[PDB]
2 protein chains.
Amino acid sequence: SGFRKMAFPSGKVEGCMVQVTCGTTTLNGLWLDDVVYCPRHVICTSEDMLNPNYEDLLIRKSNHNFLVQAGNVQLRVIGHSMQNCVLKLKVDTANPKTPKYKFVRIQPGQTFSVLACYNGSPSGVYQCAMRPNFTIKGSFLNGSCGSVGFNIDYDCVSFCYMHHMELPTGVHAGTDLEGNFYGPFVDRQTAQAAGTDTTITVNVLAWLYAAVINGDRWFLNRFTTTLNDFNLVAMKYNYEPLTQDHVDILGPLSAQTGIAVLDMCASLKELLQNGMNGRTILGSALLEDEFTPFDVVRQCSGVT
Amino acid sequence: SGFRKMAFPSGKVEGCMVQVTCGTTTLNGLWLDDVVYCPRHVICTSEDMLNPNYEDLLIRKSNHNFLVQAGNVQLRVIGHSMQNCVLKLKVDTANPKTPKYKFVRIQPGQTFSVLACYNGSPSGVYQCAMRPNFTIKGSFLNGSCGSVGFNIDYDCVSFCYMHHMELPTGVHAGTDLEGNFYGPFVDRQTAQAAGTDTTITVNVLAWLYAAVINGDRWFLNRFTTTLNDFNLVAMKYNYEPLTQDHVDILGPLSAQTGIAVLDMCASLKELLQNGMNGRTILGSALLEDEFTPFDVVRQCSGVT
Ligand SMILES: *CC(=O)c1c(C)c(C(=O)c2ccc(F)cc2)n2ccccc12
Ligand SMILES: *CC(=O)c1c(C)c(C(=O)c2ccc(F)cc2)n2ccccc12
C-alpha cells in the first residue's frame with residue numbers, strides 16, 4: 001500500500017548522458033548508438049538568441065567545434081546535422097551503454113520521468129506530465145538543457161522529451177527527440193505565452209481510484225452524474241472535458257474497486273464544488289492530475 | 001527555476017538489486033562486494049510471522065537454501081549470518097557494479113530516495129523522509145521488502161534504509177543496513193503503533209525559502225517572531241520545536257534570499273494560524289516538510 005509520485009529508475013538514461021560544448025555554451029546531450037542528440041541552441045551566443053538564423057549559424061560550425069564528452073572521455077564527432085530544433089552529432093563510437101530505445105511523441109495528459117542533468121551529469125529524477133497547454137512544470141536551472149523525458153517498458157526506453165526552454169512564467173518547454181517542440185513554442189528569446197493550463201480530468205479520476213484502493217474514501221458519496229452533466233462542471237473549473245475513451249481507460253480501476261466511473265465523476269464534481277474542507281487525499285490538499293490511469297494500475301500492481 | 005520533489009538518480013543502486021528466495025518467500029537483496037544484504041524475515045513462513053524465533057528458524061537454514069539471483073545469473077552462497085534484523089549472505093563473487101558506498105543511520109527529518117523493487121527488479125524511484133516517529137510514507141506492495149533507501153554524494157552511495165514492514169496504518173517501517181530498525185518497530189506480525197507524527201519545521205522553512213527563490217512570495221509578511229514565541233505556535237500545531245541548530249542550517253537560504261530566519265518563522269506562524277486561504281505554494285496546497293535545507297540548496301544550485 002501507499003501512493004507516491006514515482007519516477008522510472010533512471011539508470012538506462014544515465015548511461016546516455018553526455019556533455020556538449022559549442023563555442024562557450026555547454027548543455028546536455030543524449031548518446032544513443034553513434035549519435036548525440038542535443039538542442040540546436042547550443043550553437044548560439046547570448047546575442048543571437050534574440051532572433052537566431054540557425055541555418056546561417058550552423059554554416060559557421062564544423063564537426064571539430066562540437067565538443068562531446070562522456071564522463072571523462074572525448075567523443076570524436078564525424079558528422080553533424082540539424083533536425084528541426086535538435087542537432088544530431090554523429091560520433092565514431094556507438095554508446096556501449098545504449099539501452100533498447102524508441103523515440104515517441106506523447107499526448108498532453110501523459111506522464112514521463114525527467115532526469116535533470118548539468119554538464120552531462122545527472123543530478124536527479126522526477127515524475128511530471130505534459131500539460132494540456134504543452135508545457136511541463138519541471139525544475140530546470142541554467143545548464144539543464146538537453147535533459148530528457150522518458151518512459152520505460154521492461155527493457156525499452158521511450159524517449160519523449162528534450163528540455164530546451166523556460167518561459168518567463170517559470171514553466172518549461174521542449175521538444176520530442178525529432179526536434180519538434182510540444183506546443184507553439186520556438187527556440188528564441190522572445191515573449192511566448194504558455195496558454196490556459198487545464199486540469200487532466202482522466203488523471204484526477206485515476207488518482208481518486210488510487211486513493212480508494214489505498215484507504216482514502218471520505219470523498220466517496222451517494223451520488224452519480226452523466227458525462228454531459230459532469231462536463232458542465234468540468235468546464236466551469238477549467239478541467240479537460242471527459243470523453244468515452246477516458247471512461248474506457250478507467251475501466252480496470254472501476255472494475256478493481258467496484259466503483260462505476262460516473263459515480264467517481266460525481267465525487268469529483270462535489271470536490272470541485274465544495275473543496276476538500278480542510279481534508280487531504282493521498283497526503284495531498286489539492287486534486288492531483290499527474291498520475292495517468294496506467295500509472296495508477298502500474299503502481300498499485302508493482303510492474304517492474 | 002521550478003521546484004520538484006526530486007529523487008537521486010537510481011543507476012548505482014539498480015546495479016546492486018538482486019532477488020533472494022528462501023523456502024517459498026521471495027524479496028529483494030542488496031549486493032555490495034561479496035555480500036547480499038536482505039531482511040531476515042525471508043526465512044519466515046506466514047505461520048511463524050506471528051512470533052518468530054529467528055535464531056531457531058535460521059538453524060534450520062543452510063547456505064544452499066538461500067537462492068540469490070542477479071538478473072538471470074544465480075549467485076553462489078558460501079556463508080550466511082544474522083546481524084540484528086538483516087541477513088548477510090556471503091556470495092563467491094563481488095558485484096562488478098558495486099559503487100563507492102557507506103552505511104549510514106539517518107536522523108528523523110532527513111530525506112532519502114527509495115528504489116522500490118519486486119523480484120530484484122526496480123519498478124520506480126521516489127523521494128521520502130524519515131518521519132519524526134521513525135516511519136516513512138512510501139509505496140510498498142508485497143515483494144517490495146529489501147528495497148533500499150539511500151543518498152548520493154558525487155560517486156558515493158550512502159545506504160540508510162531497508163524496507164521490512166507495513167504497519168496496519170499503511171505507513172512503512174524498516175532498518176538501517178546494519179539491521180537496526182528505525183523507531184520501536186519489530187519484525188513481527190503484531191499490532192505496532194507508529195506514534196504521533198509531527199511536522200519537520202526546519203524542512204517546511206527550507207521549502208518556504210525555495211518558494212521565495214522560485215517566485216511564490218504571497219505568504220511573506222511584515223512580521224517577525226522569536227524562537228520561543230514561534231515554538232509556542234509550533235507545539236499547538238504538532239510541529240517539531242525549532243532550535244538554534246535549525247536556524248544555523250537555514251543560514252545559507254536566509255543569506256541568499258535576504259530574509260531572516262525568524263521573519264520566515266513569522267510567515268509560517270501566520271500560515272499555521274490562517275491556513276493557505278485557497279492559495280498554493282510551489283504547486284502545493286499544504287506545508288511541505290520533506291525537503292531538508294540541504295535538498296533546497298542542492299536543487300536551487302544544481303549539484304550533480
Ligand atoms: C536550458 C539551458 O541549459 C540553457 C538556456 C535556456 C540557455 C539560453 O540562454 C536560452 C536558450 C533558449 C532560449 F529560447 C532562450 C535562452 N542557455 C545558454 C547557455 C547554456 C545553457 C542554456
Ligand atoms: C515487504 C514484503 O515484501 C513482505 C512482507 C511485509 C511479508 C510478510 O508477510 C510480513 C513480514 C514482516 C511482518 F512483520 C509481517 C508480515 N512478506 C512475506 C513474503 C514475501 C514478502 C513479504
Side-chain angles (χ1 to χ4, degrees), chain A residues 1-15 17 113-128 136-144 152 154 166 169-172 214-216 275-276 278 280 282-287 290 295 298-304, chain B residues 1-15 17 113-128 136-144 152 154 166 169-172 214-216 275-276 278 280 282-287 290 295 298-304:
Chain A
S1 110
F3 212 73
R4 276 267 185 192
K5 183 81 67 47
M6 209 183 276
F8 285 99
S10 67
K12 287 157 203 298
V13 181
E14 289 164 57
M17 303 308 300
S113 301
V114 174
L115 182 60
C117 293
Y118 300 88
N119 301 101
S121 286
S123 54
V125 59
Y126 49 94
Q127 190 69 352
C128 78
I136 90 176
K137 309 197 193 137
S139 168
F140 292 105
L141 305 176
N142 238 74
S144 67
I152 301 174
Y154 172 62
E166 191 173 276
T169 65
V171 307
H172 305 105
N214 290 288
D216 276 314
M276 321 256 296
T280 65
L282 294 175
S284 200
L286 53 81
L287 297 160
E290 297 200 345
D295 284 339
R298 192 179 307 112
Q299 191 174 157
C300 302
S301 80
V303 177
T304 65
Chain B
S1 110
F3 212 73
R4 276 267 185 192
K5 183 81 67 47
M6 209 183 276
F8 285 99
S10 67
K12 287 157 203 298
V13 181
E14 289 164 57
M17 303 308 300
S113 301
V114 174
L115 182 60
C117 293
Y118 300 88
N119 301 101
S121 286
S123 54
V125 59
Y126 49 94
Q127 190 69 352
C128 78
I136 90 176
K137 309 197 193 137
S139 168
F140 292 105
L141 305 176
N142 238 74
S144 67
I152 301 174
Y154 172 62
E166 191 173 276
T169 65
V171 307
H172 305 105
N214 290 288
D216 276 314
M276 321 256 296
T280 65
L282 294 175
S284 200
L286 53 81
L287 297 160
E290 297 200 345
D295 284 339
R298 192 179 307 112
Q299 191 174 157
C300 302
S301 80
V303 177
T304 65

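A note on names: the letters A, B, ... follow the listed sequences, proteins ahead of strands, and every chain is numbered from 1.
Between the side chain of A/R4 and the main chain of B/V125, no donor-acceptor pair closer than 3.5 Å is present. A donor-acceptor pair under 3.5 Å links the side-chain atoms of B/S10 to the main chain of A/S10, judged by distance alone.
At a threshold of 4.5 Å between non-hydrogen side-chain atoms, the residues A/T304 and B/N119 do not count as touching. At a threshold of 4.5 Å between non-hydrogen side-chain atoms, the residues A/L115 and B/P9 count as touching.
For B/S113, no part sits under 4.5 Å from any heavy atom of chain A, backbone or side chain. At a 4.5 Å heavy-atom cutoff, the contact between B/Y118 and chain A is made by backbone and side-chain atoms alike. For A/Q127, the part lying near chain B is the backbone, with the side chain staying farther off; criterion is any non-hydrogen pair under 4.5 Å. Of the two parts of B/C128, the backbone and the side chain both hold a non-hydrogen atom closer than 4.5 Å to a non-hydrogen atom of chain A. The contact between B/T280 and chain A is made entirely by side chain atoms (from C-beta outward), counting heavy-atom distances below 4.5 Å.
Options B/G215, B/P122, B/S284 differ in how many heavy-atom pairs under 4.5 Å they form with chain A, and the most are formed by B/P122. Most heavy-atom pairs under 4.5 Å with chain A: of the set B/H172, B/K12, B/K137, this distinction falls to B/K137. Ranking A/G302, A/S144, A/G170, A/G283 against chain B, the residue ahead of the rest is A/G302, based on heavy-atom pairs under 4.5 Å. Highest contact tally toward chain A, considering only B/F140, B/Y126, B/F8, B/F3, is held by B/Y126 [criterion: heavy-atom pairs under 4.5 Å].
Between B/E290 and A/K5 there is no salt bridge, since no side-chain nitrogen of the basic residue lies less than 4.0 Å from a carboxylate oxygen of the acidic one.
Between the OG atom in A/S123 and the CE atom in B/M6 there is a gap of 6.0 Å [rounded to 0.5 Å].
Considering all non-hydrogen atoms of both residues, B/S1 and A/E166 come closest at N-OE1, 3.0 Å.
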